[PDB]
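Data block below; observations after.
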Amino acid sequence: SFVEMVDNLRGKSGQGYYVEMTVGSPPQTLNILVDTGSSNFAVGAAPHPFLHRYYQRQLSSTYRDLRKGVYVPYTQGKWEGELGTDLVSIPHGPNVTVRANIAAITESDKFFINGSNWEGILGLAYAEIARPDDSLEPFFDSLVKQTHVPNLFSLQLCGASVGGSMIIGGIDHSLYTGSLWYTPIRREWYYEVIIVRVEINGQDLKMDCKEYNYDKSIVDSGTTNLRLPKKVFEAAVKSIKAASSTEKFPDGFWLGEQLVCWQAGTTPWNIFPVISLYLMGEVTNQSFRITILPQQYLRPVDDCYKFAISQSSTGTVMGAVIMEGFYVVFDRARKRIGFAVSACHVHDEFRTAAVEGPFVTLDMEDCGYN
Ligand SMILES: CCCCNC(=O)[C@H](C)C[C@H](O)[C@H](CC(C)C)NC(=O)[C@H](CCSC)NC(=O)CCC(C)C
């Protein structure tokens, strides 16, 4: 069953997690980044300095041209290309073949990463944010429509090269401990959720909770950092600075530009606070929390680190540094996202990442931004 899909992801820290796929007939093998923050399936289809291989449409007998161009901008990076369809498989996934939409990337800017080892992107979010428009059926919708694969998938992203699992069509219980806690998908475009409270080392940030979700909060496996709205970012950095005031850092560290180092084995983990994000729950006035350790938001790059919390102008993004602590279930069928402590969690001496509940939280709907 699902055991065949365990450990089917690889990657390099800060460079994304990818799964192996094949496109075309005969099968062309490519590594494809798993991106829950977008909805287009696209692959390099022309030579590029950072590509070791790419998709060759002329060598595939099942390729069909859709005679339509396409462009996709991301927070950082963008590409343009030609739309078409072809047959697609996932060797370490379910045993099926689907005809899916594919954008053949012909030109790009700051999209491909040198040394990343992936040549394409699998947008796993909903058609609502697909380009050129929502009539271009995303890959997972095609998968579910053409096969018996159930309408959900789950991601276990493991940090300190790295690996993980994408379980397509279900949940593998060997991959997490404790209970799964679910938060509603507020609207099916991004995987949008609602954050209802934030605490740092047990102290409430005490902001209007709308600020936490201004102008949206999303879960994105294709973003490295925890990215926070301007006002929230400032409050969070202020609190984290105060907790670590014992030591002194370059001011470019807090902007993610400069790294800090310590002698191997002497990283003062203790002076950096835990961060708790409370998410809206499944019953009235009920929430739960996920707690993040400094080992997650200080990304290893003697031991040197970069600050992996950064400022956003497009809402909160819960990226890899959040997901790495957890097993995350994208339960599209029941419009909810589940969190549990991952089997591959990192080890702090006196502290542990957690998913805990129930909590009572009043007026949660008012935390959503309009
Ligand atoms: C068309 C409408 C949908 C657009 N969606 C997005 O822009 C989502 C929010 C972001 C998307 O996941 C892209 C993926 C990347 C591979 C280009 N990520 C980024 O732009 C982010 C920008 C971070 S700003 C410090 N890139 C990274 O974190 C670097 C690591 C990645 C190579 C894994």
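Each residue of the sequence shown is one higher than the one before, counting from 1181 in the working numbering.
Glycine residues also receive a C-beta, built at the ideal position from the N, C-alpha and C atoms.
Look up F1468 in the DSSP assignment and give the residues it is bridged to. Reading the sequence shown from its first residue, position 288 is the one you call residue 1468. For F1468, which the question treats as bridged, DSSP gives the partners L1459.
Would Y1251 be called buried (16 or more neighbouring beta carbons within 10 Å of its own) or exposed? For the purposes of this step, residue 1251 is taken as residue 71 along the sequence shown, with counting starting at 1. Label assigned to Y1251: exposed.
Selected residue, minimal CA-CA separation from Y1356, among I1212, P1538, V1521: In the sequence shown, residue 1356 corresponds to position 176, counting from 1. The residue with the shortest Cα to Cα distance from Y1356 is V1521.
Quick check on the burial criterion: 16 or more other C-beta atoms within 10 angstroms. Buried or exposed for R1479? Locating residue 1479 in the sequence shown gives position 299, counting from the first residue. Classification for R1479: buried.
Would you be able to state if there are at least three C-beta pairs under 8 Å between the segment 1297-1310 and the segment 1199-1218? yes
Heavy atom of ligand 1 within 7 Å of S1218 beta-carbon: Counting from one through the sequence shown, the residue named residue 1218 turns up at place 38. True, at least one ligand heavy atom lies under 7 Å from that Cβ.
Which residues bound the beta strand (DSSP E) around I1375? As a first step, residue 1375 must be located in the sequence shown, where it is residue number 195. It spans 1375-1380 - the beta strand (DSSP E) in which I1375 sits, taken as one unbroken run.
Taking buried to mean at least 16 other C-beta atoms within 10 Å of its own C-beta, is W1442 buried or exposed? For the purposes of this step, residue 1442 is taken as the residue at position 262 of the sequence shown. Burial call: exposed.
Three-way DSSP call (helix, strand, coil) for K1290 in this model: Looking up residue 1290 in the sequence shown gives position 110. Looking at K1290 - three-state DSSP - the assignment turns out to be coil, as it is neither helix nor strand.
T1496: CB within 7 Å of a non-hydrogen atom of ligand 1: One-based indexing of the sequence shown puts residue 1496 at position 316. Checking the Cβ of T1496 against ligand 1 gives no.
Does the Cβ-Cβ distance between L1231 and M1346 come in under 8 Å? Along the sequence shown, one-based indexing puts residue 1231 at 51. Along the sequence shown, one-based indexing puts residue 1346 at 166. Contact flag unset, no.
With a threshold of 7 Å, establish whether the CB of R1244 neighbours any heavy atom of ligand 1. On the sequence shown, residue 1244 is found 64 positions in, with the first residue counted as 1. Outside the cutoff, so no.
Kindly provide the ranges of any beta strand (DSSP E) runs that are 3 or more residues long and lie completely inside the segment 1325-1411, ordered along the chain. 1333-1338, 1342-1348, 1356-1364, 1375-1380, 1397-1399, 1406-1409
To the nearest angstrom, how far is it from the Cα of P1274 to the Cα of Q1195? Within the sequence shown, the letter at position 94 stands for residue 1274. Within the sequence shown, the letter at position 15 stands for residue 1195. Distance between the alpha carbons of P1274 and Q1195: 26 Å.
Rounded to the nearest angstrom, what separates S1334 and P1271 at their Cα positions? Taking the sequence shown and counting its residues from 1, one reaches residue 1334 at position 154. Taking the sequence shown and counting its residues from 1, one reaches residue 1271 at position 91. Straight-line Cα distance between these residues: approximately 17 Å.
Count the CB pairs spanning the segment 1532-1542 and the segment 1467-1474 that are closer than 8 Å, and state whether there are at least three. yes
Expected contact under 8 Å - CB spacing of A1307 and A1222 to nearest Å: Along the sequence shown, read from residue 1 onward, the residue named residue 1307 stands at position 127. Along the sequence shown, read from residue 1 onward, the residue named residue 1222 stands at position 42. Contact flag wrong, Cβ pair sits at about 15 Å.
Taking the alpha carbon of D1313 as the point to measure from, which residue in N1281, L1459, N1465 has its own alpha carbon closest? Indexing the sequence shown from 1 puts residue 1313 at position 133. With distances taken between Cα atoms, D1313 lies closest to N1281.
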